[PDB]
Amino acid sequence: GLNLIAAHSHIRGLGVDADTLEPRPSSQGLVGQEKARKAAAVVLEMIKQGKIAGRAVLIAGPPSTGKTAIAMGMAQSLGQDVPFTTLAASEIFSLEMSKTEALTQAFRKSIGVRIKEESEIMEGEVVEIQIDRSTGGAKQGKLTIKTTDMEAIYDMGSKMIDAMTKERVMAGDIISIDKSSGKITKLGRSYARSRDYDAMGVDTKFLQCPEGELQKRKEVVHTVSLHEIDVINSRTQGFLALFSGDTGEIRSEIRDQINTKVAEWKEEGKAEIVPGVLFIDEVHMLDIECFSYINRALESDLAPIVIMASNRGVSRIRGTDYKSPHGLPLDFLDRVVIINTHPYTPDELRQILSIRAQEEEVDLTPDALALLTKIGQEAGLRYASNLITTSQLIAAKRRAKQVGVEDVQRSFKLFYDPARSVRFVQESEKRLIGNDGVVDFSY
Amino acid sequence: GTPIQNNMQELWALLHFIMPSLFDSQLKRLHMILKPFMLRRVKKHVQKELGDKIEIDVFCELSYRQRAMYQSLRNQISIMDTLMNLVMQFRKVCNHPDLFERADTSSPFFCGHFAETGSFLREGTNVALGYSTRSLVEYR
Amino acid sequence: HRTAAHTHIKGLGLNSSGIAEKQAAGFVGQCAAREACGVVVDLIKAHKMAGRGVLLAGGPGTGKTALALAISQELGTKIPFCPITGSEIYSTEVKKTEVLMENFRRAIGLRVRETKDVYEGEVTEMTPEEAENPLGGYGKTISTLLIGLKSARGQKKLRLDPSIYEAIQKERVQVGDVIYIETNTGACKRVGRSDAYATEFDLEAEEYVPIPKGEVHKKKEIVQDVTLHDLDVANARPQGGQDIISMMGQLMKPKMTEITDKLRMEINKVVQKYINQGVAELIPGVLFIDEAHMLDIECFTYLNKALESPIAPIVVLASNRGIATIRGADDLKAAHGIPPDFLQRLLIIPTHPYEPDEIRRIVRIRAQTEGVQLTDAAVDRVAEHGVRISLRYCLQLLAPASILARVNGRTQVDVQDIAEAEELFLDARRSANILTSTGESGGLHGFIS
Amino acid sequence: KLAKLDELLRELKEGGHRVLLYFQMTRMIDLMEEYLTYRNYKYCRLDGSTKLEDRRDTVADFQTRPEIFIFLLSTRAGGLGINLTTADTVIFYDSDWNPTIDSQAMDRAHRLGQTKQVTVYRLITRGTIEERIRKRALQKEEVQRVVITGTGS
Ligand SMILES: Nc1ncnc2c1ncn2[C@@H]1O[C@H](COP(=O)(O)OP(=O)(O)O)[C@@H](O)[C@H]1O
Ligand SMILES: Nc1ncnc2c1ncn2[C@@H]1O[C@H](COP(=O)(O)OP(=O)(O)O)[C@@H](O)[C@H]1O
């Protein structure tokens, strides 16, 4: 399809027992990190129950230790039923709006309003339309329509005749009508009328006739975030700003009205509130002004749960000239719990490389897998995973059916790992541009 | 004025036609057996006032549209192993690219729904053009 | 015709086995890097993986930009090659991470088959019909237009929607014009006057055009190449409809906007439907970020999200820097000028400085490419400057020396013409010595420090 | 070709020349006929779709009056028959693989009663399959002088 293979495509979930929250040593694409995956499983329970508001969890650990992997596992195990918002901290630095507005919008995207609405909908194959134009048009008309089970004629009002002539409905068209509003959508064309469609090229697809009742009360479930309600109410076609993104700094009295309106709908039972989760990757890229905002944005009943990831040691907080653990001020870290991810053992590296090789289309000999595992221990899990693709392409060019040690060794020779590339810049120092800007171009 | 054509059996068909008692079915021998049955005077020896055919093989070069077509069509030879098709399809763009696919009134890609006509025949002479143009991004 | 720095590069010059020929396709050497760039080319043509990164790491002048240009030539014109410097990311209209996403999506192509459903003809008659609006305050409105279109084969009368008549009004159509009406958009194009009116005696240069051939009503099949960025932008600032928003959108100043991830995920679903309908095929390509050391820690942090995207392109980075300070992260130093965090994601292709004989061979390729003839003494003399100063410097001398030769009437450059070019046109280090020697003097004739 | 033809036709019409154009594709006679109507050139057409009385008269028209500049003429339907001796120029917009047919076409102009020196132009496109055509034709005409020479009788 459209969706290609990416770094995380193998992650299908958290790999955890739904009864006990015990993580399995490998399942759903996640290997190891068991203490961290158990803690992430407890956080999913908090999210799905919705009771607790504005918890902030930090996933802290070295690079390539599965902090994003666990975050993808949580997103995949919540599924489409819950708002999950994936923010890179670099995105808050908009030119369109202030940092705190961008953080408000991110929080507001992460609470859903869930609304259930019925419509009668009419769906069937068109047997016939006649229309009388006299000559101004649309004076009267009749629709005959069927399913495999039922056939009816309808007398049409003139605005339905305008809908029919707008959407060029003809005999054989399979249509649905949202009769609460009278938009008509041409679901397709019946195969039984294929020869009527003289203007349709050979690439044209055809459906079978619809089934059952011509009219059904379909029930639709909508989830709309608080941010969408905010943006709708910002200008005459404010919803367009959900796509073009040119929302200004939306005024807070609009949001306060909406908060009141949604609490009204909750108590009336017209709607339900669905608290989601905001994920902030590389949270250390936020500055001291962002953190002091987030402190108190977490205190609302309409706060999502927040989940954050950091690679950083004791490091300088942005927007100040002093250093703190994770790169985050202690003022903020007081309201956070930390989940820590560890480095992998060799058998965990072997398993992750195997899963990555099976998610890719790669037939991998046992000695190539052993070599890639040793490279993993010495050069890191990402570099070994990047060599899988490379070795497959080398093996394919020599027409080989399997990736052998020979192909991994070409890959290892052609593409340096970070440690070898660091050595390369240290040995090549006079030929590279140094931090003083000096370089020598001569032989 | 051109009896010899592609090959010699294709000459025998003309000789058999005139004398099927003689001809039925080493090249230097031919000139000595055709001599009773053929006569060919030639315009250097005859009508000398008709000065020779001045000739210019021009060796002109492709335009940008042609080579864009040509390369996409020449790529098919690399994919091969169909020249019985392609030599003519190449020759078509050698002559003019509108023979291959004619240039026409054009516009950007339209990223939207509209109701297309299913039948030209059943439309008739009088028709109402409604405004069907609609976004495929469809916020519910 | 015009010759630039890389005009001799034609490709990576690899065997079918994927091994570099020592001099091919304009290259000399870099054989290990050309072979690695060959495997990168095959990663791209496979169109199976998203979001792999490559670093071209090596000193200035070691052919990193030549290699990236060679990749673009190995891929050919079907695949999107999207080249930028890191300095291009710093937009004033939109946040820096927006232009990263735009360039990521320019790097992903789509080829799509489109049906234009269309009307054509000479306008034979044209007649509006009206609505008597009582209390709107804008007065009357026009309820439909009836228009007669005639082609060579047949004729129709169309009762147009008001918004299609507004398209005809914008196009200034009159009776006897030939027009085109794309029902996809409702747009109207005036093709010309009908050839039935072809006369010299109009002051204005009219397009007299023949009556359209075939039926008045047609369906045209067109194959279009678009990127995901073209779709994003089309739906962010709409201009295709005959509605009032589309109309005014054509009059307002063009403006980039911080397109939301909601629009991008919606357009993924639109494109996925074109793919499932079989009318489109995906053509994922590459983003080349030259000068990637000019990025900053916020850009690199954003790439950690962007490269996880399941339809991200392949990203090739070039850097020329040793241990250097990361921009926007002034306490942090790392190799290549790239954060250690993000460097773990890349495959690094190191490029190496040339030997004297490789430089001599590049001088000959480059002289042949600029179309200038040298003596072997001249080629040796230029190659000496390539060794002693810089490859770039010695290649810059070929064009001056050719003029200086031609000025003496000799068609072939010899050592005297390079000897003059050396003295007229200094390198960076001889110029730095003039600066340093003079800078002891103050007053009028000093250089300003 | 059509670019180089347009330049050549201008040089010829400013020269007062009169021209026969041969095509291997009749659809190219349609496209060429548009281009001619989009310019000042008076012209006539013959090909294998024309009826025989139209062939009679269009040849007679062309031979009658020097106002007609150009005579579009399909290679096989138009190469074989009658004199066209008030032309002076022959252009093969496309050249037959069988060189005999191009010879017949050329000698509809180069003929007894021919008014002026016939100049033949052939619009070969470099690097295309057209090169193979003209090579095959030139090989075949050499073979057709191996396999005969001399008066006969
Ligand atoms: N425990 C794991 N199980 C399966 N895949 C993993 C695991 N840990 C990491 N990976 C994979 O290895 C790569 C690097 O880990 P990632 O989570 O992206 O790094 P970081 O922790 O720096 O965000 C990713 O493609 C990820 O999917
Ligand atoms: N292997 C090579 N063969 C031929 N020309 C080269 C080679 N490497 C570099 N060049 C040329 O030398 C110049 C410097 O290379 P360039 O790619 O600009 O270096 P950088 O790595 O700084 O981009 C360019 O004109 C380039 O075309």
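Above: the structure in question.
The paragraphs below set out a description of the structure included in this document.

Before going further, it helps to examine the packing of aromatic side chains. Residue and element names in this part refer to chain D. Scanning the model with the defined rule gives 17 aromatic pairs over all chains in all. Ring geometry for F62 against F71: centres 4.7 Å apart, planes inclined by 45°, an arrangement best described as tilted. On the accessibility criterion, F62 (0% relative accessible area) is buried. In this arrangement the basic side chain of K1 is found over the ring face of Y93, its NZ or CZ atom lying 5.3 Å from the centre. One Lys or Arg, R18, reaches over the ring of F62 and ends 4.2 Å from the middle of that ring.

Moving on, we come to the interface of chain B and chain D. Residue-level contacts link 41 residues of chain B with 49 residues of chain D. In this structure, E55(B) and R134(D) form a salt bridge, with 3.5 Å as the shortest nitrogen-oxygen distance. Summed over the shared surface of chain B and chain D, the number is 32 residue pairs in polar contact. Of all the secondary structure elements, the ones that give two or more residues to the side of chain B that touches chain D are α2 (30–33), β1 (54–57), α4 (83–95) and α5 (97–100) of chain B. If one sorts the elements of the side of chain B that touches chain D by residue count, α4(B) sits on top with seven residues. Of the residues assigned to the side of chain B that touches chain D, the class counts are 20 nonpolar, eight polar and 13 charged.

Turning next to the interface of chain A and chain C. If you look at the interface, chain A gives 74 residues, while chain C gives 92 residues. For the pair chain A and chain C, the summed buried surface comes to about 7,100 Å²; carbon and sulfur atoms form 56% of the total. At the boundary of chain A and chain C, one finds nine salt bridges. The partner of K397(A) in a salt bridge is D42(C), with the nearest N and O atoms 3.0 Å apart.

Residue and element names in this part refer to chain A. For the structure shown, the criterion picks out 86 salt bridges over all chains. Here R350 ties to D347 by a salt bridge, and the two come within 3.0 Å at their closest N and O atoms. Residue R350 and its partner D347 are both found in helix α10 (residues 346–359); the two are separated by three residues, about one turn of the helix. By relative accessible area, which is 33% here, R350 ends up partly exposed.

A few words on helix α4 (residues 158–166) of chain A. Residues and elements named next belong to chain A. For α4, every residue scored as buried is listed here: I161, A163 and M164. The buried residues of α4 all sit within an arc of 155° when viewed along its axis, so they share a single face. Where α4 is buried, its residues meet β5 (111–132), β6 (140–146), β7 (151–156), β8 (173–178) and β9 (183–189). Positive backbone phi, at 45°, marks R168, one or two positions downstream of α4.

All right, on to the site of ligand 2 then. Residues and elements named next belong to chain C. What surrounds ligand 2 is a group of 18 residues, the closest being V28, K64, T65, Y354 and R392. The side chain of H8 places a nitrogen or oxygen atom 2.9 Å from a nitrogen atom of ligand 2. In this structure, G26 approaches ligand 2 through a main-chain N or O atom, which is 3.5 Å from a nitrogen atom. Bound to the protein, ligand 2 loses 94% of the 560 Å² it would expose on its own. Listed by contribution, the elements that provide at least two residues to the shell around ligand 2 are β2 (27–28), α2 (64–75) and α12 (391–396). Sorting elements by how many residues they give to the shell around ligand 2 places α2 first, with three residues.

Analysis parameters
The numbering scheme restarts from 1 for each chain and tracks the written sequence of that chain rather than necessarily the entry's numbering. Residues without coordinates are not displayed. Whichever chain is written first is A, and whichever ligand is written first is 1; the rest continue in order. Scope of values: limited to the chains shown, which are part of a larger assembly. For the side-chain quantities, the full set of heavy atoms in the structure was used; hydrogens and water were omitted. By convention, a stacked pair of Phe, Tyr or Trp rings (six-membered ring in the case of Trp) has centres within 6.5 Å and planes under 30 degrees apart, an edge-to-face pair has planes over 60 apart, and any other such pair is tilted. Three exposure classes are used, based on accessible area relative to the maximum for each residue type with a 1.4 Å probe and protein chains only: buried under 20%, partly exposed in between, and exposed over 50%. Placement of a charge over a ring requires the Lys NZ or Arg CZ to be within 6 Å of the ring centre, with the centre-to-atom vector within 35 degrees of the ring normal. Contacts are assigned to residue pairs that have any heavy atoms within 4.5 Å of one another. Between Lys or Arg on one side and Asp or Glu on the other, a salt bridge is scored when a side-chain nitrogen of the former is within 4 Å of a carboxyl oxygen of the latter. Within 3.5 Å is the distance limit for a polar contact, defined as a pair of N or O atoms, with the added protein rule that one can donate a hydrogen and the other accept it, and that residues adjacent in sequence qualify only through two side-chain atoms. Elements are defined by DSSP. Helices are runs of H or I of four residues or more, strands are runs of E of two residues or more, and each kind is numbered from the N terminus. When residues are sorted by character, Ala, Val, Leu, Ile, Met, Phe, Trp, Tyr, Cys and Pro go into the nonpolar class, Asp, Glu, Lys and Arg into the charged class, and all the rest, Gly among them, into the polar class. Defined here as a combined quantity, buried area equals the accessible surface (1.4 Å probe) lost by two parts on assembly, summed across both. When we speak of the arc, we mean the arc of directions from the helix axis to the C-beta atoms. Proximity is defined per residue: if any heavy atom of the residue lies within 4 Å of a molecule or strand, that residue is considered near it. Note on areas: Shrake-Rupley with a 1.4 Å probe; residue coverage comes only from the protein chains shown.

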